[PDB]
Amino acid sequence: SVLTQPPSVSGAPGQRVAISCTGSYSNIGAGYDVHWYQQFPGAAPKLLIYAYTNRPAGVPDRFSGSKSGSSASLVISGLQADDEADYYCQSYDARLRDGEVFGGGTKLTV
Amino acid sequence: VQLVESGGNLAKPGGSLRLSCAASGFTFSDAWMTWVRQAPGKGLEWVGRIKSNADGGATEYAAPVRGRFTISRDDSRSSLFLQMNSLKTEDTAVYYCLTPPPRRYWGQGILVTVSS
Amino acid sequence: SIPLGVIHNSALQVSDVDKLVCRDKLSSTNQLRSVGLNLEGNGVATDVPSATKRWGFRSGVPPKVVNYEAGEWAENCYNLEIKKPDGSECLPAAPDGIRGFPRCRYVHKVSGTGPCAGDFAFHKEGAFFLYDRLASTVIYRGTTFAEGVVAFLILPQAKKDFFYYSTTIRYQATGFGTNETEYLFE
Amino acid sequence: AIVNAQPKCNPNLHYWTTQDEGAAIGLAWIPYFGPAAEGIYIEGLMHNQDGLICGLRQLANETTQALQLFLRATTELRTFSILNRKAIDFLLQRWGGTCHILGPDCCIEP
Amino acid sequence: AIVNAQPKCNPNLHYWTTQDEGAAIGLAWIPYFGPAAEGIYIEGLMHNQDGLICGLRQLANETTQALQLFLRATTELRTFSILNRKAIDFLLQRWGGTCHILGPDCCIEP
Amino acid sequence: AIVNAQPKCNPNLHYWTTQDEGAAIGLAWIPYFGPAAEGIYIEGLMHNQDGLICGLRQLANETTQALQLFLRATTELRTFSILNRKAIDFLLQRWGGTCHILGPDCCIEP
Amino acid sequence: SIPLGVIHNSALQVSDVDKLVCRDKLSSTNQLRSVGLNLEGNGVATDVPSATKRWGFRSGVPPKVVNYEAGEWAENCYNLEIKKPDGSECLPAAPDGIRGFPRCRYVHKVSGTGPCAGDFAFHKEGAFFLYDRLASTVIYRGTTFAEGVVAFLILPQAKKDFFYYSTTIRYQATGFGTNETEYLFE
Amino acid sequence: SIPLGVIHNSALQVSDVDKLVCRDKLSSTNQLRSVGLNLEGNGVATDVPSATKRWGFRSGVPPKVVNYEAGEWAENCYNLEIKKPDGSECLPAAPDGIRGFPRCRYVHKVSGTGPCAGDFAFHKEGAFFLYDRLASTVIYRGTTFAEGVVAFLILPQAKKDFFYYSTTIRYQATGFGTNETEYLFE
Amino acid sequence: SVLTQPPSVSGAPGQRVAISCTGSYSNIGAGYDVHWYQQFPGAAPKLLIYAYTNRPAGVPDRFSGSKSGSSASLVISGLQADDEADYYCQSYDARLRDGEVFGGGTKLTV
Amino acid sequence: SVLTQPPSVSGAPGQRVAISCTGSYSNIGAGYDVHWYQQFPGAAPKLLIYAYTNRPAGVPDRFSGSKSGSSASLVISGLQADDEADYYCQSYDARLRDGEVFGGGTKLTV
Amino acid sequence: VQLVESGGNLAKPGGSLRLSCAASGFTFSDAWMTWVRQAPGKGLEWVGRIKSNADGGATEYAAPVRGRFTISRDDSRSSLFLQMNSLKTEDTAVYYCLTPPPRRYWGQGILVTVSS
Amino acid sequence: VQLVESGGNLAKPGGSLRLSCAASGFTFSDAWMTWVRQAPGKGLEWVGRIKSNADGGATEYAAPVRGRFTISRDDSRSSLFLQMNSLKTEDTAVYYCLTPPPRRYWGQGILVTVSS
C-alpha cells in the first residue's frame, strides 16, 4: 500500500515533463487528496501542490497537476536549472486506518 | 509560523529518547500534528499523528513503530512531544514535526543516530 | 403532477386530478396535510453499517428543503461527526432553524474520518432526511435525522378520527463511506 | 386503489404533530411564559383498520419521484407553498371556466 | 359587534402606508432615480366617526392570542402568506362543494 | 392590441426553460445519480408568425414600470408569489360575489 | 381561526367565518389589509422605567416575524444598547432588511449594562415589537421600535374613505431589567 | 395592476382585468408563466463602453429580486471585477443561490478600478439584471448577467405550441463609470 | 453584599469535595455569572471556571460546578496532592453599580 | 491636476479654523475619497481623516471634515499649542490613470 | 497574551504613586480592563474598571477607593494607568491588571507598601 | 504594524540604487503597496503603486518617473522593492513605503541624495 513513482526523470531545458504517482482503489481511487513536495539537497521539503491541482501562494505557475483514475501526475513545463530537486507524492490510505502514505521519490536532472 | 525541534541526540540500543517541537505564529490547539522520519539518503516516511483535544486527542502510529513510540501534546506550552523507547537498530533518521495541510510548513529536523 | 391521496370512509384512494369527480368535499385549507413516514417501517435493515451504505457524496447539485406538518415516531436516528484525515469538515453546519428530529428512541452518534469525496451527501435511493418538520436532500453536521418520505392528503371533514426518553450509542469509524470501513462501538 | 408492495408493513402509526389552535390555559400562549421548543408536540396512535396504513405508506413511496422532479426545477431554497398551489388548482379546474349545467364537469344539481 | 373595553381610546388614527401603484412622474419609478428608502410613505388622518376607531383597536387586541398560537406552530422565519390563505379559505367555503340552489349556503338568486 | 414601437425586432425567439415533469429514465430523477446543475435545461426555437414576437417583446417593456413600483413597496427580499396572487385575483373577480344570471359578469349559460 | 374584521357602512363587525352570510363582498385581493396599532393609544404608561418592566429575557424559544402593510404614527419609540458587565452583547444584531420604525416624535435611546439572563428578550404581555413593516417577537440591537399589535381587515370597495422631525433622549442605565435599576438622563 | 398578457389563437392581447370577458379559459396554474427577454433583441448598442454607461451607483435604496421561469438565449453577457484605487470591493458578493446566466455566446469579463461612488449599482433605464432564473435590481460581484425585462403570460391549453459553448473576452479598465474611461482589451 | 465561602475544607485523597459560595437576590440570584479562581502560594491566580459551569482550555475535567438558587458550588472529585490551593468565587453585584464582588476564599488541605 | 490648498492659516487659541482643498470634476467631484494627513517637523505624517469625514481610532474628536461640490474642508475647533503641523490633502485623479494626487500643504500657526 | 505591570513602589502617607500595565498579543482597544488589589496574606479585592472608548470610556471605582484613585488608558500605547493619590494607611497590597472574561489572564503583580 | 525601510544612500548621476521595505504585523500579500517621495523642505509626492498578486500584480508609475523606476514585491520575504535607475539631478528626497487606506501607517523614511 505504498504509492510508487519512477526512480528518475530527465529532459532538456525548455521542454515539458510529467511525473507519475501510481495509486490504488483504497488510496487515490477511493477519493483522498494527493499532495506533492519538493526537497532541495540539504533542506527540508516545501509544499508544491497542496490538493490535486491547487498551488499555495508563492509557487510559480509552471507547476500543475491532474488526476486520472487511480493515478496522479505532476506536470512541469519549462525546465530551468533551478528545477533540480527530489519530488515526493503523498496520500491517505483507507485500509491503513487513514494513515499517510509517501511515494518512493523522483530525482530530477536537466 | 515558526516550528523549532529540540532535545534529541544519539541513544544506545534499547534506549529511550524524547524529542520536542515548539510551534509559534498559529493556534496550536486546533491543528492536528504529525511526525515524519526520513532515512539518511532515502525516501520520506510517516511516524504518526495526534488529533486535536476537541476531537478526543486520539493518536495513531505507523505499523513498524506501533507500541514503541508515544505522541503527546501540551496546549498551554504549545509543544508536541515524541517518546521513542526500546530503540533498536535501523531507527536512525531525521525527524520532523509538520502542521495540517494546507500550509504544512515542515520544521528544520532533528538527527537521531542509534549507536552500537 | 404529484399524487394527492384522498381519504374516503376509512379508506385511502389516490385522487385522480385529470378527471373531475365532485363527491370529494374540500371545504377548507385545514383538510390539507403533509405527512412524513419512516423507511424503517418498510423493513429496511437498520444496522449502522447497512444504513451508511445508502449515502454518498456528490458535487454540483444544489440542496433543497421542503416542509411537512406531521410525522412518525422513529426507532432509529443517526448523528454524524465526520472529518477528513488531515482534519477538516466535510458536512456543512445546520442552517438557521433546522433542528433535530423530535422523537427517536435511539440516536446512533458516529464519529471518525473519511475521504468525503464530494460537496454534499445524498441518499442513493432518492429518499429524504427528515428533521424537525423540514425534509432535506442533504445531511447537515451534528444534527439528528431520520430516513423518510413525504405524502400529501385531503383529510376527512371530521377532526377526531385523524391526528419520552432517548439513548445515545457511540461509534468510532475510519474509512467511512468506503468499501471496507472500520467501526468500534463504545 | 393502492396495494402495498413493500417487504413489510408496520401496521401501527404512532404519530406526532402540532396543534395550531390549542385551547390555551391563561398565559401559556405568551412566548415568554409558554413551553420551550421541545414541548409543543402532541402524540397519538392509529391502527391498521380497513388496511389503511399499508395504503398510506405505499402512497408516500409513489410520491417521491414526482416530488424530486419538482424540487430540481425550483430555485427556492425552502418550499412552503405546495398545499396552496394544490388548493388553487382544485378551485381552477372546477370554476376556472364556463359551467354548463348537465355537463360532466359542472357539479350543480338543480 | 365589538365593544371597546380599554382604559382609553385615542379616537384619532394618524396613519402611514405605501402606495403600491402611484401615478409616477416620468423617471421617478426607476430605482436609480427614484426616492430613497425613507421617502416612499404616504400619510393621512381618520377620525372616530361612527365609533369605528375604538372598535378597530379592540379587534387588534382580540387577534393577538390566536396570531401567537399560529406563529408558534410554523417553522417559517418570516410569514408573508396569511392574507392569501384567508382568501383561499373564503373561496373554498363557498365553491368548494356542490351548490344546491335554495340551500342556506349557496348564494345564487335565480 | 399591442403594436411594437422598438427600434428593431429580432423576430426569432431562441428560448430555454426547465421541464418540471420530464419522463425520467430510471435513476435519473435521483439527485445523487441525476444531471449536474448545468444540464437541466431544454431549448427551442419560435419564429415571428402572426407578428406575435414583436408583440411579446413590447409587452415586456410596458410591464417594467408597474413591476418596479410593486417591488419598491414590498419588504420581501425574493418574490416568488406574483403568479399565485394573479390566479387568486382571477378567481375572486368571478366568484367572489353573488352571481346573478343574465348579468354581464356572471358567465353561466343555462 | 384568526379574527377577520369586515367594515360595513362606516362600522366594524368581526366577520364570523363558520356561518356563511354572503352580503359581504370581496371582489379582489386589494381589499385585504393588515394594520399595526400602538399600545400607547390604549393608555399604557410610557415612562421609560415603566415601559422596560414589560420586557424579559428567555431561552429556548425561536423568534418569529410577521409583516404588516399599514401603521400608526408613534409618539414614543425605544432604542436599546445593553451590554453585560464584562462587556458583551446580549441583544442580536438586526437581520437583513429589518429597519427602524419610520415615524416617531421621540426616540428614547438607552445605554448601559445588565445581567441579560436569557437568549432573547420577549414582551411579558404578549404584544409585538413593531419595526418598518415587520413585527417581531424579539428585540434587536440598535434598532428603534414601537410596541404594538396587528389586526386584519376587509376594506370596503371604495378606495377613498380608507388610507417630519425626530428627537433623541439619552439615558444611561445599570442593573437594566432588575428589581432596582439605575437611570441617568443626560 | 401589472399587465397580464393572454395568448389567443396564435396572437397576443393584453388581458384587461377591470372588465370580465370570460371567453379566456384558465383551468390550472400550469398555464401561468413568467418570461425574461433580452434588451439586445430591441437593438440597443452592445459595445462594452456603450453598455457600461447605462449603469450607475446609488446609496439608500434596498435591492430586490424576483424570479422568472423561462428565458432567452443571450448573445452578450457581462462579468465585472471592479475595485477602488486603494483596493477594496465596491460590488457585493453573490448571495446564496444566485448563479450566472446559463446561455450566452460571449462573456465580456471586465477588470479594473473606479470610484464606485455608491452602495449599489442600478440600471439607469430601470431594466433588470438577469441571472439564472432570478432578476435583481443590482449587480453582484463576479457573476455573469444579461440585461433584460420580465413579462407574465397565460399560456394556451395546448402544451406543444409553446415551450453549447462560451467565449470570454477580457478587458482592463481605469476610471470605470466616469466621463472618460480607459479600456484595453487583451 | 459580599459572597461568603467556608474558611477551609479537607478530604482524604481520592474522594470528592464541594466548595460552597453563598449569594443574594441581587448577586447570584439576579442572574449574573459566577467565576472561580485558583491561587497557588506565591503566584497569581488562574481562571478555573469562567462561567457557572464552563472550563477554559487546559483545565482538567476533575473540576466542575453548578448553581442552585442563589448559591454556587464548585465540585472537585479525586483529590490529588497538587490540589492544595486557595479558591475564590467572584460575581457582579447589581446594587453596587454592577461592581465586582469577591468571596472570602477557601484553603484546601489533603 | 493637483489639489491646491492655502499656503498657511492662523488663528488665536480657542477658536475654530477651516482648511480648504480645491478639487476638479475628475478629482473630487468625480467621486473619489479625500484623505488628510498631519506631519510634525522631523517626523513621518500620520493619518488624520481616512475618508471624507471618518476618523481612525486615537484621533481626538476636535478634527472633522466635510465635502461641498468639488472641494473638501477640514474643520479644527479649539486650537491648542499642539496643533502646529503641516496638513496635506490627498485624492485619486481619474484622468491620470487613477494616480494619487497630493495637495500643496498648509502650515498651521497659533 | 502578555501583560506586564511596572513603575510602582512604596509611597509615604499622603503620597501619589502611578502604576502602569502593558498588554500584548490582543487588541487592547476593544477590551474592558479592570484592576484588582490583594491584601498580603488575605482575600482578593476589586479596585475598579474602565470601559472601552467605543462605549464612552466611563470608569467605575470601588466604594473605599472612590475619589482617590483614577483609571485611564492609551490605545496607541496599549497601556492602562492607575493613579493612586492621598495614599493613607492600609493601602498596602499586590495590584493586578486583568482582561475581560473569558480568558482573564491576570498579570504578574506589583507590590505597593505605604511606609510610615 | 511595523514598516522598516533600508538599503539606500547617495548615488552618482546615472546611478542605480535599490531600496527595500520590510513589513510586519499584518498580511503583506493581500495589501496594495505604494511609494511616496517628499522633496526636502517641500510638498509630498507619489512615486507609484503595486497591486496585489491576486489582482494580477500590475504596477503603475508617476509621469516623471515612468520608465526609470521599477516596483516589485516578495510575498515570502514580505518585502517591497524599489529600483531607481538612470538617477539624474533633482531626484533627491525622503522615500516612504505606505500601506493601503485605512490605517496607512507610513514608515520612517530613507534619504536619497544624488551627488554631482
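We just call them A, B, C, D, E, F, G, H, I, J, K and L in the order they show up, numbering each chain from 1.
The criterion applied here is as follows: contacts are C-beta pairs under 8 Å (C-beta built on N, C-alpha and C of every residue); 3 or more make two chains touch, one makes a residue touch a chain.
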Comparing J-L with E-H, the one with more C-beta contacts is J-L
Dup interface of J-L (contact pairs over half shared, numbering-based), picked from B-I, A-L or I-K, is I-K
Separation of the C-alpha centres, chain F versus chain I, in whole Å, is 68
Whole-Å distance, C-alpha centre of chain A to that of chain K, is 57
Chain F residues touching 2+ other chains are 18, 21, 29-31, 34, 37-38, 65-66, 68, 70, 72, 77-78, 80-81, 84-85, 87-89, 91-96, 98, 107
Touching two or more other chains in chain I are residues 33, 97-98, 100
Within chain B, the set of residues that touch 2 or more other chains is 101
Within the complex, chain K is touched by chain I residues 33, 35, 37, 44-47, 50, 54, 56, 88, 90, 96-105
In their shared complex, chain F is touched by residues of chain D numbered 65-66, 68-70, 72-73, 76, 81, 84-85, 88, 91-92, 95-96, 98-101
Seen from chain E, its contact residues with chain C in the complex are 75-77, 85, 88-89, 92-93, 96-98
So, in the complex, the side of chain K touching chain G is made of residues 31-32, 51-52, 55-56, 100-101
Within the complex, chain F is touched by chain C residues 1, 56, 58, 60-62, 122-126, 137
